[PDB]
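> Numbering (the entry's author numbering) for the sequence shown: 16 to 34, 37 to 67, 69 to 125, 127 to 130, 132 to 184, 184A, 185 to 188, 188A, 189 to 204, 209 to 217, 219 to 221, 221A, 222 to 245.
No residue lacks a Cβ here, since even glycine has one placed at the ideal position from N, Cα and C.
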Amino acid sequence: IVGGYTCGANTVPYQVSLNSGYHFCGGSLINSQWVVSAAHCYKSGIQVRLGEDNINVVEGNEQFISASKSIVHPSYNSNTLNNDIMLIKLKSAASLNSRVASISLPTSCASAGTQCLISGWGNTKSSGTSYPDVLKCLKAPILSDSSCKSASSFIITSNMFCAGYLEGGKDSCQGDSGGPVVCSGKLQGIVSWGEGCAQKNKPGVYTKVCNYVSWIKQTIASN
Ligand SMILES: [Ca+2]
């Protein structure tokens, strides 16, 4: 997260860290046994870390649970990142408490202007590299599709949406991928991609979760 702030220990209870020997992507807990993340975050041997704040210090509220199954969206396209979403089932149910809680799925799509909360342990620099140990937060508005399309060198589909700032300075970044974009208490987006980080005319692109609720529900009910 570039231009954000320190969230505060466990103030984003649904935020998870995907670990394969080190933190590499974020995710969101949608119920005691399932996590939602980005398909481009797929890797074998994923361990889901819940109740985390500082990912390098055992603070006492963590729960480390390995994945028993990973399901990348059937139509994921690695070249365009269209359908960049993935479901991860935990080997054992997470223990829900005040610091570990699930986030609700959308019943409708969000509209431009709506304020959302984006969080992650990704890079905090737009012109360099500096990874934080504690969770970072950023309030960002959903923007009109035109906002991202105007200067984009890549395809932006109906399964993606634009959020952030056009004058740069604030944006999600590498390491934040797979993380949540929560608006009005619902998980509306998944950190997916962008050209650089917090660059002028180049806001972040997020997977539009409201388009996948049917697939998510059917999949977890059958697995
Ligand atoms: Ca920790």
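(1) Give me the DSSP bridge partner(s) of residue 135.
(2) Going by alpha carbons, who is nearest to residue 243 out of 27, 39, 51, 33?
(3) Assuming residue 289 is part of the alpha helix (DSSP H), what are its boundary residues?
(4) So does the region 17 to 30 actually touch the region 155 to 167, counting three or more Cβ pairs closer than 8 Å?
(5) In or out: residue 238 buried (at least 16 other Cβ within 10 Å) or exposed?
(6) According to DSSP, which residues form a beta bridge with residue 92?
(7) With DSSP as the reference, label residue 213 as helix, strand or coil.
(8) Residue 76 to residue 44, Cα distance in whole Å?
(9) Are there any heavy atoms of ligand 1 lying less than 7 Å away from the beta-carbon of residue 73, as far as the coordinates show?
Put simply:
(1) DSSP lists 161 as partners of residue 135.
(2) Out of 27, 39, 51, 33, 51 has the C-alpha closest to the C-alpha of residue 243.
(3) Residue numbering for the chain in the displayed model covers 16 to 245; residue 289 lies beyond these limits and cannot be assessed.
(4) Touching, per the Cβ criterion.
(5) Buried, since its Cβ has 16 or more Cβ neighbours within 10 Å.
(6) Answer by DSSP bridge pairing: none, since residue 92 is not bridged.
(7) Three-state DSSP puts residue 213 in a strand.
(8) Spanning the two alpha carbons is a distance of roughly 20 Å.
(9) Correct: residue 73 has its Cβ closer than 7 Å to ligand 1.
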